[PDB]
Structures are given as structure tokens and as C-alpha cells.
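Here's the structure we're looking at; comments come further down.
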Amino acid sequence: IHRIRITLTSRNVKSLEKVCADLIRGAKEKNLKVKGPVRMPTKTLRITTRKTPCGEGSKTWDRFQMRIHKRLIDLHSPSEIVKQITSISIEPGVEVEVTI
Amino acid sequence: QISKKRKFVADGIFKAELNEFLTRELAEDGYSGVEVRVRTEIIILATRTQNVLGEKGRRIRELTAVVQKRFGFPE
Amino acid sequence: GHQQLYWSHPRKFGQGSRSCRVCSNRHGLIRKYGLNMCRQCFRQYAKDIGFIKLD
Amino acid sequence: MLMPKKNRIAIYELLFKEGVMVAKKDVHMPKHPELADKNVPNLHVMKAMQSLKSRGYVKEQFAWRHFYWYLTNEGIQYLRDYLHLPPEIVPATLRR
Amino acid sequence: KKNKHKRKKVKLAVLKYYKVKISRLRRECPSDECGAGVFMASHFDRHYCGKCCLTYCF
Amino acid sequence: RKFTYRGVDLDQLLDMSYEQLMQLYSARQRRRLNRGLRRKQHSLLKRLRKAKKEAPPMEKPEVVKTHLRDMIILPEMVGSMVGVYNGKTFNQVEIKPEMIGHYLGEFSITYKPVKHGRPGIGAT
RNA sequence: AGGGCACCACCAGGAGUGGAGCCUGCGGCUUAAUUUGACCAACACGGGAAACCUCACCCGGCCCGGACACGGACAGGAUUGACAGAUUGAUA
RNA sequence: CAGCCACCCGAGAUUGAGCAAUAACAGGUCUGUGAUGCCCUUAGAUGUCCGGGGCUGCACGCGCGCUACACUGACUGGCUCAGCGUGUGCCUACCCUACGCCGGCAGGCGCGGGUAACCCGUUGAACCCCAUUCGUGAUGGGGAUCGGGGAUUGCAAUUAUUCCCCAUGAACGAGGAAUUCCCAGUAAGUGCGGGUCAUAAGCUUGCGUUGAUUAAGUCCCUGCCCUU
Ligand SMILES: [K+]
Ligand SMILES: [K+]
Ligand SMILES: [K+]
Ligand SMILES: [K+]
Ligand SMILES: [K+]
Ligand SMILES: [K+]
Ligand SMILES: [Mg+2]
Ligand SMILES: [Mg+2]
Ligand SMILES: [Mg+2]
Ligand SMILES: [Mg+2]
Ligand SMILES: [Mg+2]
Ligand SMILES: [Mg+2]
Ligand SMILES: [Mg+2]
Ligand SMILES: [Mg+2]
Ligand SMILES: [Mg+2]
Ligand SMILES: [Mg+2]
Ligand SMILES: [Mg+2]
Ligand SMILES: [Mg+2]
Ligand SMILES: [Zn+2]
Ligand SMILES: [Zn+2]
């Protein structure tokens, strides 16, 4: 049928991997040809800023960072079956984008 | 269309502003935090949920209305 | 009239066109990733936003 | 402040219909987003709500850079009298 | 110190626009917004509608 | 002898339009005129023309005061009396032909030239 | 008096800084103003690379964005805005 | 005993950071804040906006730095290698750019891709490497100062925003007393990203690239700590 691409994005690696594993297990149970989770390079957003609110003291800096992890899953399935598979409980913090 | 970096930063900023607003609005009611689960469900954790709900849900309806108006959610 | 003069200086760019989305201050502003927050407000709200000190 | 009565009536009607009001704390915003079709300035919205707060008709909260206003019971009665609405008409917050 | 403008109050100004058969002495503004109700100012050298700033020189 | 700007006498300069003057001007003035003068500059030019017309024969025109320090000195402005604001005072400037192409501000200094006194306490 | 530790100490060294030109911050001087904080742990620090804005300083000019309460004036009009010509840096 | 030194095997036999106690300082910040007490001011305003100027002003002293004083070099060609990371935005105007054509250059015009492991991008980086000219001369070292012209950003470029072209061609020949940082992919050289940013790095925060001398010690100096 149609080729379905599921893009998962998260800041939490453990929850992202749990959701990906559950989706792949569901696809296997439905007996679908599923390409494994392709792992995009992790994005590291960085903000480096002075610690002090004023301009006084030793010039110390805070290095804040956020990590964004991305996964791709490919399926060959009908759209209804894909929606049913994606209808399973999704952990908070995981953003799912389905494309046909 | 918006990039993933901007999207995640924007979601964080929305949560930060929502938590600040609820902290100022519900401080006396035992407000402790907020969980946003995407309809978009917003869960307010409080020690005294009766005061959060108000008289027959009037206060919670007001909170929903102001949140929707400020953040541009569809009605 | 006063309607034509009031607030008529262009503010399409420069510091006078930007301010912290939290406190309206115009100094030490972070625009990266569209944060648009002054540095002190950012340090205040970084954990809520999702930035952590792994380092 | 000196405000056209149509602007004041539009602000009051929106406030009564919704039960709440939100503004951006920006005296230079040409149009309030929810009153753009009425050509009501954000400054007019801010000052009308300030007057209502001073008379005890709304409760005001301020977060980051936004005003939030809620209609009180005295405000409901006052606005009903001001707009000559039937007593059956109620703000949506009470209606739902 | 700069002095603020003080409006010169005119008593029964509308009485000066009509003469009683009726006669409208002041010219009416020929504009879509103003119409017949609004009257145009008769200055020493021009007609000036107050509402829409329409000016017809002599 | 007679004044010339880029080899053009003042009368020909007065005859020339803006598009012709742009080729004579330097790059900055040419870009300024290409982007165009605004209402304030046009009002200043109208004031200068009125002063020139109302000036009695064989007499300097009345001083026209302005804040426009970024006004380009056009040929038509030659001979005018302009009080250019320096932030505190309207310094009087008579426009000479050799001033063509400069900014009015260049002839109204905004600071007092420094005459140094004895160094203060410390200042090793 | 004795005993430890450290290249923000030394030893062995390397690269330097201090000298020059320039950039930049601070004091002083000057100024209508040259806004101001800070004197190892102040001085390319205030994320401070300021044409306007920023701006806090100096010169000049608009505006009220003085809620609300009380009293007064008011539909025989409380008040609002404005064309021209003067005026103004200005089509405030 | 605790442990220390050396060696084998081994990718590695001490990678680098973050976090960080009790108790304090009249340390800095009320100029980050719709944090805040009190005081001051509040319509001829210390509110607020608009216009102009200033914050940059120059006999002088001090601090962080950049570029150099050359041949272990400069110039002109040729050849050949990265990594971190950003990219079209609520208000919000402002993105990264391939390719084609015009121009000597800065640039201009057209036409596409990219909301990004997708396009810029195989990120043809600099130093370095291979040839060339120069020849110990304040010299083709150095590039301050200054004249003229051309573009771009911008509502506005004068007290030169930045950039380009021709020209001009200062001190400086290795730096007194004094003093800083540092031991391994480190110092130092070299360029590239991010922040600031309409215009934009001699700063800072990161990244790679080339890549050492010296030491494995001590309390002599400067400090800190402990015992009597
Ligand atoms: K030196
Ligand atoms: K503070
Ligand atoms: K205070
Ligand atoms: K304060
Ligand atoms: K400051
Ligand atoms: K700030
Ligand atoms: Mg030392
Ligand atoms: Mg030594
Ligand atoms: Mg030196
Ligand atoms: Mg110390
Ligand atoms: Mg500048
Ligand atoms: Mg300024
Ligand atoms: Mg100003
Ligand atoms: Mg103190
Ligand atoms: Mg300064
Ligand atoms: Mg040279
Ligand atoms: Mg020479
Ligand atoms: Mg800086
Ligand atoms: Zn802030
Ligand atoms: Zn009319």
C-alpha cells in the first residue's frame, strides 16, 4: 500500500526508545514490513551565558544545553492500520509526525 | 512550518510562562506544578483542588478561557 | 498632529525594537533559537524551558 | 481616559460575553487582537479595564507581559445595567 | 510658561446657521461622510468643513 | 576663476535636475538622492526659496533655522542663510558654492575644542 | 620552633606582557552634556561592539497613558479634533 | 598494613568538565525583573514621546588586547586536508545560500534549494606543502596616518557604520624596573563557527588543524594550612 514514515522527536532518550520499541513491536504483531529505527544525529542546542546578574566578580559562565533526539520508522501498511498502530499510548515528551 | 530547535524551545517557553501564570494565580490554593499533555490537556496539581475549581467550576472555566485567549489555542 | 508624531520613530531594527518577553528589559538579550529573553530571566527559567547543565 | 463610546461599548460587550479579558501591556499596539474588526486600540482596552478594576468590577492578574482580567459579580451586575441586557443573559464562564 | 489653549464658548451656535420659511446661511459640506447636516465654516477667504477638513477657497 | 564643481559652473548646476546632479555628486550623495529626499528636506528647501524671494535686492536673505544636520547642500541652497542646530544652538552658516555636496552638520560643530588644564589629583 | 601544600608559588624552561603603532576599558582634563556602577575578589566587566532607538546625560518641544471617590460646571452643550494664514526645527 | 615505583598484556594503567559542606563578607547587583521597604518626584514631571547633540570629545597616567620589527620571511602562482555549529523568526521588520549573467572589486540582476544527516555542503579553511621574485637596505619588512573615487545597510552615515580601488608609507631593528600564563595533543602558531548583529569583531565563548622545549621536584620567594 502506501509507504508511511513516522518521525519521532524527543529530549528524553529512554522514553524515545521505549516508544520506538513499542511501535516496532506493534508493527511486528500486525506482520508489517518495518524498517528499523533510523537514528538521526543528535542535536545539541547550547547557550553559554555569564552567571552573574551584574558585571562583577570572576567571569564565570553557565553552559546550558538541550539535546534533541530524532528517530525514523518506515512502514508498508494501510493508513488505517498505521493510525491504529500509532494510537497506542505515547509517553509524554515524544512528538510523533506521520507522513504518507 | 518551523524548525525542530525552535519548536522545542517554544514548547519549553510556553510551559515556563504557563507555570509562572498559574503560580501567581493559584499561590494561595496550594498550586505545585502543571503538566501539559498534547485536544491539549493541562493538569494543575494543587493541595486544595476545591478552590482551584471554584464555585461550580467557574474559576477553572475562567482559567481555561484566559489560557486559550492568551496562547491562541482554537476555542 | 500628535497622532502623527507620537511613537513615529522607526523601530524595525536595533535594540529599541527588541525586549525581554518576560521583563521588557532591552539589555543582555538572547535571541538564539528565538528565545528572546534577557540573560537573567533565561537563567531563572532555563530548567523550566529544558536547558540543563550537563557540561 | 477620553474614549469613543462605541469603543467602550465594544470592550464591555466582549468582556461580558466572554467573562474574561486578556491584554498584552502594550500602549502602542494599534488593534486589540479580539477587537480588530472594531478598530479598538489596545490602550483603550487597557484603560477601560483599569477603570473597571478601580471600581471593583474586575479582578486583575499580571504575568510576564500580559494582563488577565476576570469579571466579578459586581462587575456582572454593573455591565448588565450598563448594556441593558436581559437578566437571562450571562457570561459564558457562568453559562457553561 | 507656555499657556494652554482655551476654547471660546459660543452661545447657541446652531442659531447662527439658520434663519426663520427656513434659510441655511452656512454652506453644507458636499461629502459622503458629512452630508447636509454638517455645515462648512465661512472664513474670510475660504469654506472649511470642520469634520473632514474639506476646504474650498474663494 | 569662476567656481566649478566637477568642471560645471554654478549656473549650469542650477539648471541641472536631480538625476543630472547625481552623476556629479560623490557616491554618498548620489545614493542619498537616489533614495530620495523626504518631507522635512522639501520643507527646508521651500523655506529657503521663500527667504530668497523675500530678500531685498543686494541683501542677504533672512536666516532659516533647522535641525537637519544631515541635509545635502544642493546648488539651489547656495547663498542661503541657515541656522544649523548643533544640539544646543543654531549656528549661522552662509552657504558657499564650495560647500556643495557636504552636510550642513559639517559646518555646525557640536563640541567645544579642548583646551587642557592642569591634571587633577592622582592621574599619575 | 617544627611540619605540609599550590605553575592563580618557585625551580627547569616555553610563549609572552611591560618598549612601538593601533583597538578597546579606567582615571584625569575638557564640556551644555561628555549618564552611570565597579578600584587578588574594579579597569574587551555590567554580556556595555551607544549614528537614531538603546539612554539613564545636555538643549528644546508635544502628550496624559492624573484610576477611583467627592464637589462644581454643563444637552440653551462638559468637552474633542482641525483647513488655511501666522508660528515652529517640524505638516506638534 | 595502607600504599608507592617499574614492567607485561592492553584502546586505555591519572582525559576534560559539571556539581560541590559548616561558617562568613556590611564583597557586587534596587541600571534584569509586574522582586521589594522607606525616601524623593509626579503635569513648567525625575512619567512618556519627538527632534538635535553627547556617551567617541584630548597636554597626560594605567589595564586587557591586535599587528609587527622580517629570509625559520614577504610576494606571485600551483597543489592539498577539518571540526564545532547556525540558517526563513508571535509581536518582529531582519534567514543560510547553490547556479546563470553583468562588473576589475566591493557589488548588482535573474532563477532555484533548504523550517534542514535532505539545501548551502564532499562545509575545496588558514597555517602547512611545491615552485617564483626579492636579497640584509626602515627593504617588495610594517601598515599607522592621510587625499581622491566607487558600493552596501539604514528613515538618517558629517564627528569618517561597514566594504572596495588607486595613492600616501609613521613608529617599530626584539623592548628598563617589573610582571603573567602554562607540563601533553598541553604551550605556541593557524584559521573557522556561535553571541552581540539592519549594518558588524582587534572582544568573548566554542571548534578543529600543525605541534614542541623543560620537569616528575621543593618550601627558596609568594601565599594558604596544621602542631607545639
Ligand atoms: K612586549
Ligand atoms: K537586583
Ligand atoms: K528600591
Ligand atoms: K527597581
Ligand atoms: K547597565
Ligand atoms: K537584562
Ligand atoms: Mg604571581
Ligand atoms: Mg621563573
Ligand atoms: Mg604596550
Ligand atoms: Mg584566590
Ligand atoms: Mg558604533
Ligand atoms: Mg543616542
Ligand atoms: Mg533622543
Ligand atoms: Mg558594600
Ligand atoms: Mg563609553
Ligand atoms: Mg608588506
Ligand atoms: Mg618601506
Ligand atoms: Mg563586549
Ligand atoms: Zn528579562
Ligand atoms: Zn466635510
Side-chain angles (χ1 to χ4, degrees), chain A residues 40-41 44 46 48-50 52-59 61 63, chain B residues 2-4 6 72, chain C residues 1-2 5-18 20 22-28 30-32 34 38-41 44 53-55, chain D residues 1-2 24-27 29 43 46-47 50-51 53-55 62-65, chain E residues 1-2 7 11 13 41 43 46 48-51 53-55, chain F residues 26-28 31-32 38 40 43 65-70 85-90 102-106 109-117 119-120 122-123:
Chain A
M40 299 284 96
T44 298
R46 309 187 81 99
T48 299
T49 182
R50 287 286 300 279
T52 171
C54 58
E56 182 274 330
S58 297
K59 290 126 188 62
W61 297 75
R63 310 183 187 96
Chain B
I2 198 181
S3 56
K4 284 296 179 301
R6 279 184 181 268
Chain C
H2 180 254
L5 279 196
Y6 183 70
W7 198 248
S8 62
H9 165 262
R11 283 178 173 80
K12 305 178 306 173
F13 46 75
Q15 300 183 40
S17 70
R18 293 179 291 269
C20 178
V22 183
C23 71
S24 306
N25 187 264
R26 299 187 184 280
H27 301 283
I30 305 175
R31 309 164 60 181
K32 206 175 181 182
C38 76
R39 51 189 192 89
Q40 299 88 349
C41 281
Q44 178 176 338
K53 292 161 56 65
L54 292 179
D55 212 330
Chain D
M1 64 172 300
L2 178 76
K24 205 252 164 182
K25 177 49 161 50
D26 186 9
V27 304
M29 181 183 296
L43 167 72
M46 289 166 57
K47 296 310 166 181
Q50 176 188 233
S51 180
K53 180 194 64 178
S54 289
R55 283 177 291 177
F62 191 88
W64 282 23
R65 296 179 68 171
Chain E
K1 181 181 177 181
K2 194 57 165 292
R7 309 188 181 279
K11 191 68 181 179
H43 300 289
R46 65 193 193 280
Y48 154 65
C49 169
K51 181 187 297 295
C53 310
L54 178 55
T55 301
Chain F
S26 287
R28 174 55 69 185
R31 176 181 174 91
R32 175 70 179 281
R38 264 50 153 172
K40 302 185 306 178
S43 305
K65 296 156 67 178
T66 182
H67 285 186
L68 300 185
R69 297 178 57 86
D70 64 347
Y85 203 56
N86 79 328
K88 178 187 180 180
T89 314
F90 293 89
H102 294 252
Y103 291 93
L104 290 179
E106 303 188 31
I109 190 174
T110 63
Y111 63 95
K112 190 170 183 176
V114 176
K115 314 301 190 310
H116 274 297

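Note that these values count all heavy atoms, side chains included, but never hydrogens, waters or copies made by symmetry. Chain A is the first sequence line, chain B the second, and so forth, proteins listed ahead of strands; every chain is numbered from 1.
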>> Please tell me if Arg7(E) has a side-chain N or O lying less than 4.0 Å from either OP1 or OP2 of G81(G).
In response: yes
> When you measure from the side chain of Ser17(C) to the backbone N and O of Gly14(C), does any donor-acceptor pair fall under 3.5 Å?
Replying inline: yes
>> Looking at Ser51(D), I'd like to know whether one of its side-chain N or O atoms comes within less than 4.0 Å of OP1 or OP2 on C68(G).
In response: yes
>> Does a side-chain N or O of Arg31(C) approach OP1 or OP2 of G194(H) to a distance below 4.0 Å, or not?
In response: no
> Is any side-chain N or O of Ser43(F) under 3.5 Å from a base N or O of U91(G), one able to act as donor and the other as acceptor?
Replying inline: no
> If you sort sugars by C1'-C2'-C3'-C4', with positive as north and negative as south, where does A51(G) go?
Replying inline: north
> With both distances under 3.5 Å as the test, what is the Watson-Crick or G-U wobble partner of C192(H)?
Replying inline: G206(H)
>> Both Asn86(F) and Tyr103(F) contact RNA chain H. Taking the nearest nucleotide for each, which residue is further toward the 5' end?
In response: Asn86(F)
>> Side-chain N or O of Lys11(E) versus OP1/OP2 of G77(G): is the shortest distance under 4.0 Å?
In response: yes
> Do any side-chain nitrogens or oxygens of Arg65(D) fall under 4.0 Å of OP1 or OP2 in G34(H)?
Replying inline: no
>> Any base atoms under 4.0 Å from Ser26(F), or only sugar-phosphate, or nothing? Heavy atoms, all strands.
In response: sugar-phosphate
> Would you say the base of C50(H) and the side-chain of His9(C) have a donor-acceptor pair closer than 3.5 Å?
Replying inline: no
>> For a quick test of reading the model: is some side-chain N or O of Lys4(B) closer than 4.0 Å to OP1 or OP2 of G114(H)?
In response: no
> Hey, what do you get for NZ (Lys32(C)) to CZ (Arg46(A)), rounding to the nearest 0.5 Å?
Replying inline: 9.0 Å
> Has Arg11(C) got a side-chain N or O lying under 4.0 Å from the OP1 or OP2 atom of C91(H)?
Replying inline: no
> Under 4.0 Å: is that the gap between some side-chain N or O of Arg39(C) and OP1 or OP2 of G46(G)?
Replying inline: no
>> Here's a test of your reading of the structure: between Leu43(D) and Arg26(C), which maps to the more 5' nucleotide of RNA chain G?
In response: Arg26(C)
>> For a quick test of reading the model: is some side-chain N or O of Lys12(C) closer than 4.0 Å to OP1 or OP2 of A93(H)?
In response: no
> Looking only at heavy atoms, what is the nearest atom pair of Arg65(D) and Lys25(D), with distance?
Replying inline: O-CB, 3.4 Å
> Is there a side-chain polar atom (N or O) of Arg46(A) under 4.0 Å from OP1 or OP2 of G206(H)?
Replying inline: no
> When you compare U42(H) with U36(H), how far apart are their P atoms, in angstrom units rounded to a whole number?
Replying inline: 24 Å
> Has the side chain of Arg46(E) got a donor or acceptor that lies under 3.5 Å from a partner of the other kind on the base of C83(G)?
Replying inline: yes
>> Whether the side chain of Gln50(D) and the base of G65(G) hold a donor-acceptor pair under 3.5 Å is what I'd like checked.
In response: no
>> Less than 4.0 angstrom between a side-chain N/O of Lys59(A) and OP1 or OP2 of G46(G), yes or no?
In response: no
> Are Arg18(C) and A198(H) close enough that a side-chain N or O sits under 4.0 Å from OP1 or OP2?
Replying inline: yes
>> Please determine whether a side-chain nitrogen or oxygen atom of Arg32(F) lies at a distance below 4.0 Å from atom OP1 or OP2 of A157(H).
In response: yes
